[PDB]
Amino acid sequence: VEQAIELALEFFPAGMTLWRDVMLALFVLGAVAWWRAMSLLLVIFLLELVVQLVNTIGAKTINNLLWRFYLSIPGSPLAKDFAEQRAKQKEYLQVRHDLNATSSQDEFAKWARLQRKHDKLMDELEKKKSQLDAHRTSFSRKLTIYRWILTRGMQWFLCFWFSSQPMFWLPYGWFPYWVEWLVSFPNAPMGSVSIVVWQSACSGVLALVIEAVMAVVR
Amino acid sequence: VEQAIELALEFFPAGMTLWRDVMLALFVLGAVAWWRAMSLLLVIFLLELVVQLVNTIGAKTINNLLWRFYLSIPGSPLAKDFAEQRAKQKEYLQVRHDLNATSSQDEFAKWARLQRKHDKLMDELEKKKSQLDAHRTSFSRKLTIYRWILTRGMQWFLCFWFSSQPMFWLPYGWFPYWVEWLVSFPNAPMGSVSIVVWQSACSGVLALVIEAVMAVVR
Amino acid sequence: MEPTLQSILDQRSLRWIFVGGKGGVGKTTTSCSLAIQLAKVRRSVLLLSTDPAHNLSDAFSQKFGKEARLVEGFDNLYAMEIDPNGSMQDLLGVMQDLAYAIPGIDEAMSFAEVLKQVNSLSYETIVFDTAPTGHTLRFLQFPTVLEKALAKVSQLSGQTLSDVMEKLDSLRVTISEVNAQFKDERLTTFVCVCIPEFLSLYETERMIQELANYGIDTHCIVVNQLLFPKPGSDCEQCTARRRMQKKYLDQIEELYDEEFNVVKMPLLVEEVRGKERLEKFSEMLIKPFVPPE
Amino acid sequence: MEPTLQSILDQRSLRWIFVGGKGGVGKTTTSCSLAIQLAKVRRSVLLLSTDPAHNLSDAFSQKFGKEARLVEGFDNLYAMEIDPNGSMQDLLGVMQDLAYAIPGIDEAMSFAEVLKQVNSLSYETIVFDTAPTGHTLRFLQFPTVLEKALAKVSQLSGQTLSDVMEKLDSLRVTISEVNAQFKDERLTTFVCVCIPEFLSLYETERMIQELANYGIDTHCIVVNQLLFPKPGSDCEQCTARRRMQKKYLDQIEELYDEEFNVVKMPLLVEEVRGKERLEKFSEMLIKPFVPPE
Ligand SMILES: [Zn+2]
């Protein structure tokens, strides 16, 4: 299943660059074709920032935004118990200071009463850790797909609807028939373009601007 | 990935039988066609017992056969250390009896010498459990695929080779053109049959005989 | 509270009594004193020991073995100091590999068949004595160990295996009823002993909160060797020893005076043996000796 | 073997000495006796205590605090009984949540900065005394605790965090060099104490095999309060007490006579305080008193 322990035991026996350059040239002609010539280009424009956040994803740091999202609502039950958790933790550390400050000789009864309260609260401590960390990782697993539906639903709807409706027309005679084949499959009229290269390879358009930001901070 | 915890959180919001009967009828006509009429039918005959053992699989009990497979070879290093393991275990339980039989009062020095030998051997005990159980589960993971290659290589080779070469000819005029379509795809000449239904649905032929054995023992 | 054991006599619906602690305290003297003063108001009382120190022979100068009997001077004293290793003699190759799979098997089954022989008769009450505690308290774990072991034996199976399967099922249901009889608290009680120094008090409190984490209470705690001064005569080392003994004594007074009982028992000059001497030693568990202090 | 501590005097390349055990033994008397007899042949010796019993004040009737100094009657006696809770006073909200993430943080960092102040000076040798053992031996775990804590703090990050990151790195490298100085065995030694009864011997053997599981040997073991009979005068309780004391004494003779040393130290009538009285008590660790036995 891993294809790595199988590779750990396999030791016991004994075009794409020029492809990205032509996608660069078609992106140049697609960017030139807008100035001399609408709404679907802005739809691709928002999907570019969606793929950007997919790149500059903090899969935890999105939930770090969700933390202040739920550090916000005062009617939240869980942040209420989070505050009650820290309050019990404060009383916890207080008695622990009074414990380690005490002596095991002459307050042995007070010794035991402190010890009993110590392991009294010590058990209820991680009960909340079991509760809230379960809620937090389940809430994250919900909203990961909750965002993923809004991402890939627009990643496939654009190809479902507004496919026969031509987005724009290729200049007559520039591309051989076999290249034009791509257009024939999504139902768009021959001589017009579909909406694919804007889905996948348009992510490269901002990708160099991503490395531009890599030069900005660093 | 599991599609089960996702189903555990999905609770938070709000023809084939008649297909097997027609494969039974084509298996009846395939069994009748041999008496009045070769080698490939015996190839399917062995693949039927292979799929049978796939059904009556003990995925551990195959390795239970592998146990006496490696309880057989005297030149095996591991079964040698297995015997040395049981020998150390016997000396282990021997000193443990002498330990629990002793008293903690008047042989306290002998008490400690026994205790020291006790935890002496107790650590080397599970070192062999880490060694041999690792070897055993890795050997099982090798031979599962080692059998699986001999199974599915014959499950796809039959369709690779001896495809254009017709195995047998359908009676002229019994089946509509659209049914005959199946033959056209594997390269077999029109009017002859390919080798598919013998691969998958022939498993049903012996499956009723499997339930015949279900009436034999029970 | 009341400095005696009168409450154990007063219930009469009690059946099982557990008494323990650690070594160096002479628990056997406490056990025999409990049994003899219990026999004044009882019908059928059985003592049971499992400590490898064959001490009841020292208690009565009479050899005992693997069968109960009545000893002289009494009509109700029955006991049999047994060994767990006899069951290992019953094991004397696959069952020993099973003992490798789980480090403890045979002791629980031996204790099980012992308790079946216990419930064979119609005895009124029984009493106990045990080894150091980490080796004791596993008996509350024997039901789970038994279950895991039976499951595993069946795992290997996947001579007759069904016979040992049914035998382990009988041991399972029997140990479940006995541990279920444990938490009843109307027939199962527990007393612990200790002595005036630090570590004895330390592991005593550890035991108490241990049984607190299993839901079994107690109300009676005995101490030992509490030296009280002789009038007129004095040893100068004994004076300071009494002083330190009072120091821990009052600390236990600061703990347990609310809902437990304290039994004062002084050391005598001799290891008290013989029947009548043990009677006089046992008398103090009802009438507490008190000097002016 | 040799019934003294002459081998600790003879090496001189020793730097660190650990001495411990359990309560009820008077380890402070043993510690001060070790330090004073050490100072006869040494240059710069420092005592360090962390037990919440502020006992060195009782040892010398002079108040001490959070700074070393020389006490009267000596040119080399330096000590400072410190508290770990002062570092918690240094903590007095996120760092306390970090203390929730790992139950022990501040004690290791306090012990760390203490040892930095220790290696600030140019002292010849140091000595120690500790609390009960389960609270002691965590210092061999402080390097790992420190590493895990620093990793976790960085995990949350994913006021300046880099300052506490570099501070914890300095604590990391310092504690790694000190624990690395521990296993050198040419400057780090260990002696344990005990007394003639059961449980003291019990946890003593547990400690020895504990240090055996870390690869640090020992060769010297001291006992205490070994009562020897006075000629002519006798207490009858003291006779049997001597008998039982011999019983365990000979059992320790059956263990450690091969490669360890036994120090006989009798109890005196008073808690030995004052400088000159402590000198006489310390003298016996070289010249062993022996009656005809
Ligand atoms: Zn005396």
# chains A, B, ... in the order shown; residues from 1 in each chain; ligands from 1
call {"tool": "residues_around", "arguments": {"residues": "stretch 31-35 of chain D", "least_positions_apart": "4", "cutoff": "12 Å", "atoms": "only C-alpha atoms", "output": "short mmCIF file (atom, residue, chain, number, x, y, z; two decimals) with C-alpha atoms, in the first residue's frame"}}
result
data_model
loop_
_atom_site.label_atom_id
_atom_site.label_comp_id
_atom_site.auth_asym_id
_atom_site.auth_seq_id
_atom_site.Cartn_x
_atom_site.Cartn_y
_atom_site.Cartn_z
CA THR D 4 35.38 3.97 55.94
CA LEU D 5 35.20 6.64 53.24
CA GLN D 6 38.93 6.80 52.63
CA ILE D 8 36.53 9.33 48.44
CA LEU D 9 39.41 11.27 49.97
CA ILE D 17 28.93 13.85 45.01
CA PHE D 18 25.35 12.60 45.26
CA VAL D 19 24.05 11.24 48.56
CA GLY D 20 20.49 10.19 49.22
CA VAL D 25 17.27 8.79 58.39
CA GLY D 26 18.76 12.19 59.13
CA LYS D 27 20.62 12.68 55.87
CA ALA D 39 37.23 20.17 54.23
CA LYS D 40 40.30 18.88 56.06
CA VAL D 41 41.97 18.07 52.73
CA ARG D 42 40.16 20.37 50.30
CA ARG D 43 40.18 23.92 48.93
CA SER D 44 36.70 25.12 47.88
CA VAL D 45 33.72 22.96 48.86
CA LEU D 46 30.09 23.96 48.36
CA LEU D 47 26.99 22.43 49.90
CA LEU D 48 23.66 22.67 48.14
CA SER D 49 20.21 21.80 49.49
CA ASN D 55 17.51 22.25 58.02
CA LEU D 56 20.92 23.90 57.68
CA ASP D 58 19.00 23.99 62.41
CA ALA D 59 22.50 22.73 61.63
CA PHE D 60 24.18 26.00 62.53
CA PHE D 74 35.19 27.57 58.86
CA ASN D 76 35.35 26.82 53.33
CA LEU D 77 31.72 26.18 54.33
CA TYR D 78 29.44 27.66 51.66
CA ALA D 79 25.79 26.74 51.14
CA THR D 125 33.84 20.15 44.86
CA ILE D 126 30.15 20.21 45.70
CA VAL D 127 27.65 18.02 47.56
CA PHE D 128 23.93 17.41 47.51
CA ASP D 129 20.83 16.28 49.37
CA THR D 130 17.42 15.68 47.87
CA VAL D 191 26.39 7.08 48.09
CA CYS D 192 23.09 5.94 49.58
CA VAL D 193 22.00 5.55 53.18
CA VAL D 222 26.18 3.98 55.22
CA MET D 265 27.31 4.89 62.90
CA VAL D 272 24.02 16.32 67.54
CA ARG D 273 24.27 20.05 66.82
CA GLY D 274 26.98 22.62 67.37
CA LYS D 275 30.26 22.68 65.51
CA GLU D 276 32.48 20.65 67.84
CA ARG D 277 29.83 18.01 68.48
CA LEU D 278 29.40 17.62 64.76
CA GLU D 279 33.15 17.24 64.52
CA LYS D 280 33.09 14.31 66.91
CA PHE D 281 30.18 12.78 65.02
CA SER D 282 32.05 13.25 61.74
CA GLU D 283 35.22 11.68 63.07
CA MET D 284 33.77 8.17 62.98
CA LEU D 285 33.51 8.16 59.18
CA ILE D 286 37.26 7.60 59.08
#
call {"tool": "select_by_dssp", "arguments": {"residues": "stretch 80-235 of chain C", "states": "strand (DSSP E or B)", "output": "ChimeraX atom specification"}}
result
/C:125-127,188-193,220-222
call {"tool": "atom_distance", "arguments": {"atom1": "atom CA of residue C:168", "atom2": "atom CA of residue B:86"}}
result
24.9 Å
call {"tool": "interface_residues", "arguments": {"of": "chain B", "to": "chain D", "cutoff": "10 Å", "atoms": "only C-alpha atoms", "output": "VMD selection string"}}
result
chain B and resid 104 to 110 112 to 113 116
call {"tool": "write_last_selection", "arguments": {"atoms": "C-alpha atoms", "output": "mmCIF file, in the first residue's frame"}}
result
data_model
loop_
_atom_site.group_PDB
_atom_site.id
_atom_site.type_symbol
_atom_site.label_atom_id
_atom_site.label_comp_id
_atom_site.auth_asym_id
_atom_site.auth_seq_id
_atom_site.Cartn_x
_atom_site.Cartn_y
_atom_site.Cartn_z
ATOM 1 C CA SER B 104 11.723 -12.466 50.953
ATOM 2 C CA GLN B 105 12.970 -12.782 54.518
ATOM 3 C CA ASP B 106 15.857 -15.165 54.913
ATOM 4 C CA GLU B 107 17.321 -15.410 51.410
ATOM 5 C CA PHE B 108 17.217 -11.730 50.666
ATOM 6 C CA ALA B 109 20.576 -11.966 48.956
ATOM 7 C CA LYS B 110 19.376 -14.989 47.064
ATOM 8 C CA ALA B 112 18.137 -10.279 44.785
ATOM 9 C CA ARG B 113 20.218 -12.655 42.709
ATOM 10 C CA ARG B 116 18.443 -9.782 38.858
#
call {"tool": "interface_residues", "arguments": {"of": "chain B", "to": "chain A", "cutoff": "10 Å", "atoms": "only C-alpha atoms", "output": "list in words"}}
result
residues 5, 6, 9, 10, 138, 141 and 142 of chain B
call {"tool": "write_last_selection", "arguments": {"atoms": "N, CA, C and O atoms", "output": "PDB file, in the first residue's frame"}}
result
ATOM      1  N   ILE B   5     -15.202   8.074   9.065  1.00  0.00           N
ATOM      2  CA  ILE B   5     -15.323   9.214   9.965  1.00  0.00           C
ATOM      3  C   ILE B   5     -16.033  10.354   9.251  1.00  0.00           C
ATOM      4  O   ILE B   5     -16.771  11.130   9.873  1.00  0.00           O
ATOM      5  N   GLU B   6     -15.872  10.440   7.929  1.00  0.00           N
ATOM      6  CA  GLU B   6     -16.670  11.378   7.155  1.00  0.00           C
ATOM      7  C   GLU B   6     -18.140  10.991   7.188  1.00  0.00           C
ATOM      8  O   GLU B   6     -19.013  11.864   7.222  1.00  0.00           O
ATOM      9  N   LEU B   9     -19.455  11.915  10.667  1.00  0.00           N
ATOM     10  CA  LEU B   9     -19.871  13.305  10.728  1.00  0.00           C
ATOM     11  C   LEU B   9     -20.963  13.651   9.724  1.00  0.00           C
ATOM     12  O   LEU B   9     -21.547  14.735   9.816  1.00  0.00           O
ATOM     13  N   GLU B  10     -21.285  12.747   8.797  1.00  0.00           N
ATOM     14  CA  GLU B  10     -22.423  12.972   7.914  1.00  0.00           C
ATOM     15  C   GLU B  10     -23.749  12.869   8.658  1.00  0.00           C
ATOM     16  O   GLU B  10     -24.775  13.328   8.146  1.00  0.00           O
ATOM     17  N   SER B 138       6.684  -9.476   7.418  1.00  0.00           N
ATOM     18  CA  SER B 138       7.253  -9.090   6.138  1.00  0.00           C
ATOM     19  C   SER B 138       7.232 -10.238   5.145  1.00  0.00           C
ATOM     20  O   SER B 138       6.970 -10.018   3.957  1.00  0.00           O
ATOM     21  N   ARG B 141       3.827 -10.390   3.720  1.00  0.00           N
ATOM     22  CA  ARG B 141       3.537  -9.326   2.771  1.00  0.00           C
ATOM     23  C   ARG B 141       4.250  -9.565   1.445  1.00  0.00           C
ATOM     24  O   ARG B 141       3.751  -9.144   0.395  1.00  0.00           O
ATOM     25  N   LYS B 142       5.404 -10.241   1.465  1.00  0.00           N
ATOM     26  CA  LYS B 142       6.019 -10.646   0.202  1.00  0.00           C
ATOM     27  C   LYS B 142       5.147 -11.665  -0.516  1.00  0.00           C
ATOM     28  O   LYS B 142       4.771 -11.470  -1.679  1.00  0.00           O
TER      29      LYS B 142
END
call {"tool": "interface_residues", "arguments": {"of": "chain D", "to": "chain C", "cutoff": "12 Å", "atoms": "only C-alpha atoms", "output": "mmCIF file with C-alpha atoms, in the first residue's frame"}}
result
data_model
loop_
_atom_site.group_PDB
_atom_site.id
_atom_site.type_symbol
_atom_site.label_atom_id
_atom_site.label_comp_id
_atom_site.auth_asym_id
_atom_site.auth_seq_id
_atom_site.Cartn_x
_atom_site.Cartn_y
_atom_site.Cartn_z
ATOM 1 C CA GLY D 21 17.833 7.670 50.172
ATOM 2 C CA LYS D 22 14.604 8.281 52.079
ATOM 3 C CA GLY D 23 13.325 10.221 55.040
ATOM 4 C CA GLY D 24 13.518 9.319 58.665
ATOM 5 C CA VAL D 25 17.269 8.787 58.390
ATOM 6 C CA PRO D 132 12.027 11.642 48.137
ATOM 7 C CA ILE D 195 18.675 1.835 58.354
ATOM 8 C CA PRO D 196 18.161 -1.657 59.745
ATOM 9 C CA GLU D 197 14.571 -2.491 58.978
ATOM 10 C CA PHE D 198 12.740 -4.040 56.064
ATOM 11 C CA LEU D 199 11.427 -1.198 53.964
ATOM 12 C CA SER D 200 14.574 0.879 54.188
ATOM 13 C CA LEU D 201 16.506 -2.033 52.796
ATOM 14 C CA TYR D 202 13.809 -2.558 50.232
ATOM 15 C CA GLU D 203 13.877 0.823 48.637
ATOM 16 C CA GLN D 225 21.451 4.232 64.626
ATOM 17 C CA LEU D 227 22.722 0.316 68.738
ATOM 18 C CA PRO D 229 25.172 -2.796 74.019
ATOM 19 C CA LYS D 230 26.561 -0.902 76.960
ATOM 20 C CA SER D 233 23.865 -1.671 81.838
ATOM 21 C CA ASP D 234 20.978 -3.116 79.831
ATOM 22 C CA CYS D 235 17.400 -2.368 78.787
ATOM 23 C CA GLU D 236 15.399 -5.527 78.183
ATOM 24 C CA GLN D 237 13.608 -4.092 75.176
ATOM 25 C CA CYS D 238 16.930 -2.901 73.824
ATOM 26 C CA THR D 239 18.256 -6.461 73.957
ATOM 27 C CA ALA D 240 15.665 -7.840 71.560
ATOM 28 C CA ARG D 241 15.906 -4.699 69.482
ATOM 29 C CA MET D 244 16.518 -7.980 65.350
ATOM 30 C CA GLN D 245 18.973 -5.308 64.283
ATOM 31 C CA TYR D 248 19.027 -7.552 59.210
ATOM 32 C CA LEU D 267 22.903 6.894 67.598
ATOM 33 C CA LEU D 268 23.820 9.342 70.328
ATOM 34 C CA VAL D 269 21.537 10.533 73.112
ATOM 35 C CA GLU D 270 21.007 13.963 71.549
ATOM 36 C CA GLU D 271 20.387 15.456 68.137
#
call {"tool": "decode", "arguments": {"residues": "stretch 143-180 of chain D", "atoms": "N, CA and C atoms", "output": "PDB file, in the first residue's frame"}}
result
ATOM      1  N   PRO D 143      16.996  16.930  30.696  1.00  0.00           N
ATOM      2  CA  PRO D 143      17.389  17.289  29.328  1.00  0.00           C
ATOM      3  C   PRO D 143      16.313  16.948  28.318  1.00  0.00           C
ATOM      4  N   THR D 144      15.696  15.779  28.462  1.00  0.00           N
ATOM      5  CA  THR D 144      14.650  15.415  27.524  1.00  0.00           C
ATOM      6  C   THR D 144      13.424  16.293  27.708  1.00  0.00           C
ATOM      7  N   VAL D 145      13.083  16.624  28.957  1.00  0.00           N
ATOM      8  CA  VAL D 145      11.905  17.455  29.175  1.00  0.00           C
ATOM      9  C   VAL D 145      12.142  18.810  28.532  1.00  0.00           C
ATOM     10  N   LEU D 146      13.355  19.336  28.697  1.00  0.00           N
ATOM     11  CA  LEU D 146      13.702  20.636  28.149  1.00  0.00           C
ATOM     12  C   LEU D 146      13.556  20.613  26.639  1.00  0.00           C
ATOM     13  N   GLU D 147      14.035  19.541  26.006  1.00  0.00           N
ATOM     14  CA  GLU D 147      13.958  19.466  24.552  1.00  0.00           C
ATOM     15  C   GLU D 147      12.509  19.416  24.099  1.00  0.00           C
ATOM     16  N   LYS D 148      11.701  18.582  24.750  1.00  0.00           N
ATOM     17  CA  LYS D 148      10.315  18.448  24.321  1.00  0.00           C
ATOM     18  C   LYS D 148       9.597  19.774  24.489  1.00  0.00           C
ATOM     19  N   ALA D 149       9.838  20.444  25.614  1.00  0.00           N
ATOM     20  CA  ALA D 149       9.186  21.716  25.873  1.00  0.00           C
ATOM     21  C   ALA D 149       9.570  22.744  24.820  1.00  0.00           C
ATOM     22  N   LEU D 150      10.864  22.848  24.503  1.00  0.00           N
ATOM     23  CA  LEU D 150      11.264  23.842  23.511  1.00  0.00           C
ATOM     24  C   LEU D 150      10.623  23.531  22.168  1.00  0.00           C
ATOM     25  N   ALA D 151      10.573  22.254  21.805  1.00  0.00           N
ATOM     26  CA  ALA D 151       9.949  21.910  20.538  1.00  0.00           C
ATOM     27  C   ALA D 151       8.487  22.329  20.541  1.00  0.00           C
ATOM     28  N   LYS D 152       7.779  22.028  21.631  1.00  0.00           N
ATOM     29  CA  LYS D 152       6.368  22.387  21.723  1.00  0.00           C
ATOM     30  C   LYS D 152       6.123  23.891  21.661  1.00  0.00           C
ATOM     31  N   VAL D 153       6.840  24.674  22.476  1.00  0.00           N
ATOM     32  CA  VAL D 153       6.720  26.131  22.384  1.00  0.00           C
ATOM     33  C   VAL D 153       6.854  26.586  20.938  1.00  0.00           C
ATOM     34  N   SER D 154       7.840  26.040  20.224  1.00  0.00           N
ATOM     35  CA  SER D 154       7.966  26.391  18.818  1.00  0.00           C
ATOM     36  C   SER D 154       6.775  25.908  18.005  1.00  0.00           C
ATOM     37  N   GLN D 155       6.168  24.790  18.403  1.00  0.00           N
ATOM     38  CA  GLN D 155       4.989  24.298  17.698  1.00  0.00           C
ATOM     39  C   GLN D 155       3.823  25.274  17.800  1.00  0.00           C
ATOM     40  N   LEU D 156       3.599  25.849  18.984  1.00  0.00           N
ATOM     41  CA  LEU D 156       2.527  26.830  19.131  1.00  0.00           C
ATOM     42  C   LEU D 156       2.786  28.057  18.270  1.00  0.00           C
ATOM     43  N   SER D 157       4.038  28.513  18.233  1.00  0.00           N
ATOM     44  CA  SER D 157       4.384  29.697  17.455  1.00  0.00           C
ATOM     45  C   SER D 157       3.987  29.539  15.996  1.00  0.00           C
ATOM     46  N   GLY D 158       4.255  28.377  15.412  1.00  0.00           N
ATOM     47  CA  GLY D 158       3.853  28.102  14.046  1.00  0.00           C
ATOM     48  C   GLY D 158       2.361  28.250  13.823  1.00  0.00           C
ATOM     49  N   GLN D 159       6.423  41.361  23.009  1.00  0.00           N
ATOM     50  CA  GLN D 159       7.053  40.119  23.441  1.00  0.00           C
ATOM     51  C   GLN D 159       7.799  39.476  22.282  1.00  0.00           C
ATOM     52  N   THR D 160       8.888  38.778  22.592  1.00  0.00           N
ATOM     53  CA  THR D 160       9.669  38.122  21.555  1.00  0.00           C
ATOM     54  C   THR D 160       9.849  36.646  21.855  1.00  0.00           C
ATOM     55  N   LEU D 161       9.517  35.788  20.898  1.00  0.00           N
ATOM     56  CA  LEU D 161       9.672  34.360  21.106  1.00  0.00           C
ATOM     57  C   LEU D 161      11.100  33.904  20.869  1.00  0.00           C
ATOM     58  N   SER D 162      11.873  34.668  20.099  1.00  0.00           N
ATOM     59  CA  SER D 162      13.230  34.233  19.813  1.00  0.00           C
ATOM     60  C   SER D 162      14.120  34.362  21.034  1.00  0.00           C
ATOM     61  N   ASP D 163      13.766  35.253  21.961  1.00  0.00           N
ATOM     62  CA  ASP D 163      14.582  35.413  23.153  1.00  0.00           C
ATOM     63  C   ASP D 163      14.449  34.196  24.052  1.00  0.00           C
ATOM     64  N   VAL D 164      13.223  33.712  24.235  1.00  0.00           N
ATOM     65  CA  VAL D 164      13.064  32.521  25.044  1.00  0.00           C
ATOM     66  C   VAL D 164      13.529  31.290  24.285  1.00  0.00           C
ATOM     67  N   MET D 165      13.522  31.339  22.949  1.00  0.00           N
ATOM     68  CA  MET D 165      14.086  30.232  22.185  1.00  0.00           C
ATOM     69  C   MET D 165      15.587  30.112  22.393  1.00  0.00           C
ATOM     70  N   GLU D 166      16.297  31.237  22.363  1.00  0.00           N
ATOM     71  CA  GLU D 166      17.737  31.193  22.578  1.00  0.00           C
ATOM     72  C   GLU D 166      18.068  30.900  24.028  1.00  0.00           C
ATOM     73  N   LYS D 167      17.213  31.343  24.943  1.00  0.00           N
ATOM     74  CA  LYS D 167      17.448  31.042  26.340  1.00  0.00           C
ATOM     75  C   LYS D 167      17.302  29.552  26.589  1.00  0.00           C
ATOM     76  N   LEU D 168      16.289  28.935  25.987  1.00  0.00           N
ATOM     77  CA  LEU D 168      16.129  27.503  26.153  1.00  0.00           C
ATOM     78  C   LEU D 168      17.215  26.723  25.433  1.00  0.00           C
ATOM     79  N   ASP D 169      17.778  27.270  24.358  1.00  0.00           N
ATOM     80  CA  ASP D 169      18.919  26.599  23.740  1.00  0.00           C
ATOM     81  C   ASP D 169      20.157  26.650  24.623  1.00  0.00           C
ATOM     82  N   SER D 170      20.381  27.778  25.293  1.00  0.00           N
ATOM     83  CA  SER D 170      21.483  27.833  26.244  1.00  0.00           C
ATOM     84  C   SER D 170      21.263  26.874  27.402  1.00  0.00           C
ATOM     85  N   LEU D 171      20.018  26.748  27.849  1.00  0.00           N
ATOM     86  CA  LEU D 171      19.751  25.771  28.891  1.00  0.00           C
ATOM     87  C   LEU D 171      19.952  24.358  28.372  1.00  0.00           C
ATOM     88  N   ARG D 172      19.690  24.143  27.085  1.00  0.00           N
ATOM     89  CA  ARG D 172      19.817  22.814  26.511  1.00  0.00           C
ATOM     90  C   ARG D 172      21.270  22.393  26.470  1.00  0.00           C
ATOM     91  N   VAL D 173      22.124  23.267  25.946  1.00  0.00           N
ATOM     92  CA  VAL D 173      23.513  22.871  25.800  1.00  0.00           C
ATOM     93  C   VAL D 173      24.164  22.777  27.167  1.00  0.00           C
ATOM     94  N   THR D 174      23.730  23.604  28.117  1.00  0.00           N
ATOM     95  CA  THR D 174      24.335  23.529  29.436  1.00  0.00           C
ATOM     96  C   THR D 174      23.951  22.236  30.139  1.00  0.00           C
ATOM     97  N   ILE D 175      22.676  21.855  30.057  1.00  0.00           N
ATOM     98  CA  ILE D 175      22.276  20.638  30.731  1.00  0.00           C
ATOM     99  C   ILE D 175      22.832  19.419  30.025  1.00  0.00           C
ATOM    100  N   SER D 176      23.095  19.517  28.724  1.00  0.00           N
ATOM    101  CA  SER D 176      23.695  18.375  28.063  1.00  0.00           C
ATOM    102  C   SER D 176      25.138  18.204  28.497  1.00  0.00           C
ATOM    103  N   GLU D 177      25.861  19.305  28.680  1.00  0.00           N
ATOM    104  CA  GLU D 177      27.218  19.134  29.179  1.00  0.00           C
ATOM    105  C   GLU D 177      27.247  18.672  30.625  1.00  0.00           C
ATOM    106  N   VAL D 178      26.294  19.095  31.448  1.00  0.00           N
ATOM    107  CA  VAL D 178      26.354  18.660  32.839  1.00  0.00           C
ATOM    108  C   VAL D 178      25.977  17.188  32.985  1.00  0.00           C
ATOM    109  N   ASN D 179      24.922  16.743  32.299  1.00  0.00           N
ATOM    110  CA  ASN D 179      24.604  15.321  32.347  1.00  0.00           C
ATOM    111  C   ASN D 179      25.708  14.497  31.705  1.00  0.00           C
ATOM    112  N   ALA D 180      26.371  15.054  30.693  1.00  0.00           N
ATOM    113  CA  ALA D 180      27.537  14.401  30.127  1.00  0.00           C
ATOM    114  C   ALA D 180      28.687  14.361  31.121  1.00  0.00           C
TER     115      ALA D 180
END
